[PDB]
Peer 1: 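Got a structure here, written out as structure tokens. Questions coming.
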Amino acid sequence: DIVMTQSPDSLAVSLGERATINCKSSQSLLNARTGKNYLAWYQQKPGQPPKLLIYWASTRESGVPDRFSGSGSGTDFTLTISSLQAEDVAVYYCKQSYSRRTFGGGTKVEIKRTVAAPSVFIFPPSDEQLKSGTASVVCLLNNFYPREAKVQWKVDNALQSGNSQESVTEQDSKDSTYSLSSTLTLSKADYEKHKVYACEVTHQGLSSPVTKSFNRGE
Amino acid sequence: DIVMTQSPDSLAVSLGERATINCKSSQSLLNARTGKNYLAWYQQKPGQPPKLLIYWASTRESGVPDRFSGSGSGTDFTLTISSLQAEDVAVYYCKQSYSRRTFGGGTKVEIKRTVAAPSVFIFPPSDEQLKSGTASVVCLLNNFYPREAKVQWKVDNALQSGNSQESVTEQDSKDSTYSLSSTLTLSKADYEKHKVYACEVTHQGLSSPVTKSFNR
Amino acid sequence: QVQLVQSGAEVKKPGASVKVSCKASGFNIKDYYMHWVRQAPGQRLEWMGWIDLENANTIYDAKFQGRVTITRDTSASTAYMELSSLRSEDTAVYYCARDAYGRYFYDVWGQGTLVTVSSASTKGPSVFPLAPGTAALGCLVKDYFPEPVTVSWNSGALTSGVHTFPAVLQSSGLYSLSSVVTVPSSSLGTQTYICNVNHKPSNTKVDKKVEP
Amino acid sequence: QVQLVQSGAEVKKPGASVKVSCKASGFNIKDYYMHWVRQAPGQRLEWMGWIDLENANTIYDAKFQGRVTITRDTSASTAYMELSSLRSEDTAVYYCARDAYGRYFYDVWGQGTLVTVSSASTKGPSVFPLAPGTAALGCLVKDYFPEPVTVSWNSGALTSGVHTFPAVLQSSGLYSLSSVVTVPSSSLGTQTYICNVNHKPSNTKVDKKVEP
Amino acid sequence: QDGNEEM
Amino acid sequence: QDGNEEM
């Protein structure tokens with residue numbers, strides 16, 4: 001099978017700047033008697049099928065803006081976005097059609113903006129949930145950049161492990177920030193045994209970590 | 001993250017000859033306060049963890065032969081093997097430790113030799129396997145060079161696709177060749193629907209493709 | 001008006017089979033191949049196989065050979081992909097896409113079909129409040145199966161500052177997600193905030209007022 | 001003598017967690033950091049994170065934020081990596097490696113721990129013969145799970161001309177590999193050729209005599 | 001269809 | 001530990 005490798009895995013570019021995505025094939029994609037390189041670039045946004053941008057390495061598909069261009073031959077190919085617009089935030093895939101079909105791993109393109117620290121909020125479990133024997137504690141990190149953020153749960157000062165899960169929104173269309181939600185899940189019995197519930201947030205925009213906490217029963 | 005780009009992906013050199021591997025980083029790895037470039041080269045052989053050869057771009061690890069040396073500063077680095085020895089066949093990786101850790105994609109170093117055409121063998125399913133309801137047909141391409149080779153299965157002259165899988169050995173330490181095994185899998189019922197089973201082999205050492213076949 | 005319309009989401013137990021349809025309209029399918037491509041959550045697109053829509057000749061990827069069958073019905077202008085012996089790893093969005101001799105690109109795709117393979121049984125969420133210059137509040141939508149759920153606020157009148165997070169899959173095999181919104185804290189005493197949660201797989205409709 | 005010794009191979013279903021141990025011997029761990037690096041079969045090395053063995057502070061790679069947990073037990077001189085919500089793409093060899101302030105290189109590595117993530121169940125192989133101036137013969141080692149298998153010929157007495165190929169992963173989720181040897185065709189009537197197959201995960205040993 | 005078989 | 005933080 002032909003192996004397609006993309007580089008980098010993710011890119012952050014300011015609005016109006018240049019994005020470059022590389023694709024390498026383990027064998028040549030050029031058919032010598034047609035002169036075509038059977039390499040294609042697709043753009044994919046959440047919830048949608050991929051969209052064809054470029055085929056035969058450098059031929060732009062009908063309706064695709066001229067700021068998207070493809071180049072290269074043989075085993076090395078490049079997709080260039082010459083002036084990034086907000087609409088171009090997506091995952092891009094190269095794909096060979098020389099012999100069967102293989103996609104690269106994808107390159108995620110985001111908008112680069114100034115660092116923004118998160119606003120942090122903590123939420124206790126509701127009384128309605130406690131009757132069912134489970135306690136969910138939620139920590140919200142709102143509207144930050146860059147995406148990387150570290151959330152630690154502490155229960156009566158003890159660092160928690162293996163009882164939380166988190167997820168992160170897509171980049172916001174208006175302000176180019178992310179938000180993150182982390183849920184610590186405890187049994188009711190364990191929840192009742194402790195007083196102080198805290199989430200500690202580390203992020204580039206914060207000069208030092210920020211803790212939000214509540215005391216059970218207030 | 002810092003992106004590490006190695007080149008070439010593969011290199012073949014004769015015993016005793018010079019080998020050069022390049023590594024480019026997307027930003028400088030030099031800490032001006034220490035004067036250090038945080039760039040390291042690792043050697044990895046099958047079944048093993050990587051082995052450290054060079055760190056701080058040019059400092060050789062204890063016990064590493066002096067035919068290995070590292071050079072470069074900033075964003076461009078090079079690992080040189082001054083004279084390739086048999087035990088140097090392996091995959092080499094660069095790695096930065098300036099900010100977090102990122103590895104380049106690896107360079108595979110092999111022994112160059114003359115072109116060698118494969119010897120091709122075909123094996124029908126065993127009676128034992130057929131008793132169980134399945135038929136695997138194996139095509140062996142033995143002791144060829146270079147690695148690039150193509151197997152095409154044909155059943156009653158119909159080209160096959162999707163019902164075979166293949167794999168290739170690493171370079172043989174004695175004669176520097178490769179071998180390749182391809183398996184064509186059919187149910188017994190389907191296997192008994194056809195007569196001629198053939199594997200067609202294309203390789204640079206062959207002036208025309210060679211086919212081996214049998215009748216069920 | 002070329003389009004490829006696929007059948008709706010599926011939920012399957014391990015060991016079961018699934019058959020997804022791909023209705024083609026607005027071109028002569030006989031000139032085309034229909035390919036099937038899947039995408040597991042968070043992963044790259046993976047080709048499964050193709051069928052020649054004229055003569056029904058198929059080519060499958062070896063990874064699915066023996067488990068996949070691609071067929072086409074000329075009179076229904078529809079292609080089908082049936083995947084058997086399903087397992088958890090087959091949880092993915094399945095796409096059909098056309099191609100043809102001389103093209104070798106996918107210009108038209110179906111909308112995708114989610115297939116979830118799990119021992120879990122379809123179940124609706126419990127909805128709990130995340131009670132509150134700027135205040136945050138939200139709803140926790142816990143323990144449902146399968147994906148997806150929708151969340152709106154004030155029946156869609158409140159959109160500014162809303163974040164509805166991606167669901168996480170819990171070790172129980174049930175999903176959970178949260179939806180939050182930031183509002184002026186002064187408005188907490190006068191403006192009512194209701195999260196509207198729908199889980200169509202279980203015909204669940206829940207309205208939860210979130211109060212200080 | 002400094003050593004890092006990791007726990008044994010693991011098989012896990014999608015959605016499970018795994019926890020790999022790394023026992024340090026022959027040095028004082030408190031002067032060091034332990035790192036975790038993984039390598040999917042045939043693929044690149046991927047850094048996962050580190051722990052400061054003195055104070056237990058951790059740093060994780062963005063790609064595993066929220067999924068990986070690194071810990072250490074001073075009295076046991078052991079570090080641990082726990083990875084949750086496993087997917088088939090987490091199949092890899094997991095390595096620990098030591099580093100330290102001032103170094104920024106990995107001078108000592110653990111031996112690696114294979115973690116296979118798959119819905120498949122542990123299964124030993126079926127071994128079939130590949131019957132034969134040179135003749136080729138071999139054995140087909142079919143339908144096992146997980147990796148690895150070992151193959152020798154005549155208990156190790158026959159090594160010249162032996163090729164044992166990498167395994168392929170079939171659509172069934174089971175692996176298959178072959179092992180072949182070339183021998184003088186004049187030897188087929190006088191020499192016996194036996195392939196010795198071991199599959200430690202299922203404690204399966206099989207020998208097959210391959211006859212003309 | 002495979003690009004390498006385009007005539 | 002990161003090289004860019006070495007003193």
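All chains are named by letter (A, B, ...) in the order of the sequence lines, taking the proteins before the strands, and each is independently numbered beginning at 1. As a basis for the values below, the full set of heavy atoms in this structure was taken, side chains included, without hydrogen atoms, waters or symmetry mates.
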Peer 1: Let me know if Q170(D) has heavy atoms under 4.5 Å from chain B in its side chain, its backbone, both or neither.
Peer 2: both

Peer 1: Sort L39(B) into side chain, backbone, both or neither according to what part of it lies under 4.5 angstrom from a heavy atom of chain D.
Peer 2: neither

Peer 1: I'd like to know if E192(B) and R216(B) make a salt bridge, using a cut-off of under 4.0 Å between side-chain N and carboxylate O.
Peer 2: no

Peer 1: Does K174(B) come within less than 4.0 Å of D172(B), counting only side-chain N to carboxylate O?
Peer 2: no

Peer 1: Treating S167(B) as the side-chain partner and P166(D) as the backbone partner, does any N or O pair qualify as donor plus acceptor under 3.5 Å?
Peer 2: yes

Peer 1: Who among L45(D), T164(D), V168(D), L169(D) has the most heavy-atom pairs with chain B under 4.5 Å?
Peer 2: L45(D)

Peer 1: Below 4.5 Å from any heavy atom of chain D, which atoms of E166(B) appear? Answer side chain, backbone, both or neither.
Peer 2: backbone

Peer 1: Between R67(D) and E82(D) (salt bridge meaning N to carboxylate O under 4.0 Å), is one present in this structure?
Peer 2: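 Looking at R67(D) and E82(D), the cut-off is not met.
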
Peer 1: Please check if any side-chain donor atom of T169(B) sits under 3.5 Å from a side-chain acceptor atom of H163(D), or the reverse.
Peer 2: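 Not at all, the side chains of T169(B) and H163(D) share no donor-acceptor pair under 3.5 Å.
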
Peer 1: Can we say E54(D) and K30(D) salt-bridge, meaning some charged N sits less than 4.0 Å from an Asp/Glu carboxylate O?
Peer 2: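 So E54(D) does not pair with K30(D) through a salt bridge.
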
Peer 1: Which bit of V91(B) comes within less than 4.5 Å of chain D, counting heavy atoms only: side chain, backbone, both or neither?
Peer 2: neither

Peer 1: Please output the residues of residues 137-162 of chain D in contact with chain B, using a heavy-atom cutoff of under 4.5 Å, in numerical order.
Peer 2: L137(D), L140(D), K142(D)

Peer 1: May I ask you to check whether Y32(D) and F27(D) place their ring centres under 6.0 Å from each other?
Peer 2: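 Distance test on ring centres: under 6.0 Å, yes.
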
Peer 1: Taking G105(B), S62(B), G106(B), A40(B) one by one, which has the highest count of heavy-atom pairs under 4.5 Å against chain D?
Peer 2: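 Highest number of heavy-atom pairs under 4.5 Å: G105(B).
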
Peer 1: Within the side chain of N142(B), is there an N or O that forms a donor-acceptor pair under 3.5 Å with the backbone of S119(B)?
Peer 2: no

Peer 1: Sort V37(D) into side chain, backbone, both or neither according to what part of it lies under 4.5 angstrom from a heavy atom of chain B.
Peer 2: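 For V37(D), the contact with chain B is made by the side chain alone.
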
Peer 1: Considering only residues two or more places apart or on different chains, which pairs with a residue in residues 87-151 of chain B satisfy disulfide (SG to SG under 2.5 Å)?
Peer 2: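 Matches after skipping sequence neighbours: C23(B)-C94(B), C139(B)-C199(B).
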
Peer 1: Cationic tip of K212(B) within the cone over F121(B)'s six-membered ring, i.e. under 6.0 Å and within 45° of the normal?
Peer 2: no

Peer 1: Within 45° of the ring axis of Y94(D) and under 6.0 Å from its six-membered ring centre, is that where the NZ or CZ of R38(D) lies?
Peer 2: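 That pair does not qualify as a cation-pi contact.
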
Peer 1: Using non-hydrogen atoms only, which part of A136(D) is less than 4.5 Å away from chain B: side chain, backbone, both, or neither?
Peer 2: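 Answer is both: backbone and side chain atoms of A136(D) are under 4.5 Å from chain B.
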
Peer 1: Take atom CD in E89(D); do more than 12 heavy atoms of anything else shown fall under 6.0 Å from it?
Peer 2: yes

Peer 1: Should the pair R72(D)-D52(D) be classified as a salt bridge under the 4.0 Å nitrogen-to-oxygen rule?
Peer 2: no

Peer 1: Examine whether an atom of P50(B) lies under 4.5 Å from a heavy atom of chain D, and if so say whether it belongs to the side chain, the backbone or both; otherwise answer neither.
Peer 2: both

Peer 1: Considering only heavy atoms, which portion of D127(B) lies under 4.5 Å from any heavy atom of chain D: side chain, backbone, both, or neither?
Peer 2: neither

Peer 1: Check whether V210(D) gets within reach of chain B through its side chain, its backbone, both or neither, counting any heavy atom under 4.5 Å.
Peer 2: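 Contact with chain B: none, neither part.
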
Peer 1: Which atoms of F103(B) are under 4.5 Å from chain D, going by heavy atoms: the side chain, the backbone, both sets, or neither?
Peer 2: both

Peer 1: Answer with side chain, backbone, both or neither: which region of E61(B) has an atom nearer than 4.5 Å to a non-hydrogen atom of chain D?
Peer 2: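 The side chain, not the backbone.
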
Peer 1: What part of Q44(B) is in contact with chain D, defined as an atom under 4.5 angstrom from a non-hydrogen atom: side chain, backbone, both or neither?
Peer 2: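 Just the side chain, heavy atoms under 4.5 Å.
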
Peer 1: Please state whether the side chain, the backbone, both or neither of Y95(D) comes within less than 4.5 Å of a heavy atom of chain B.
Peer 2: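 Contact with chain B: side chain only.
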
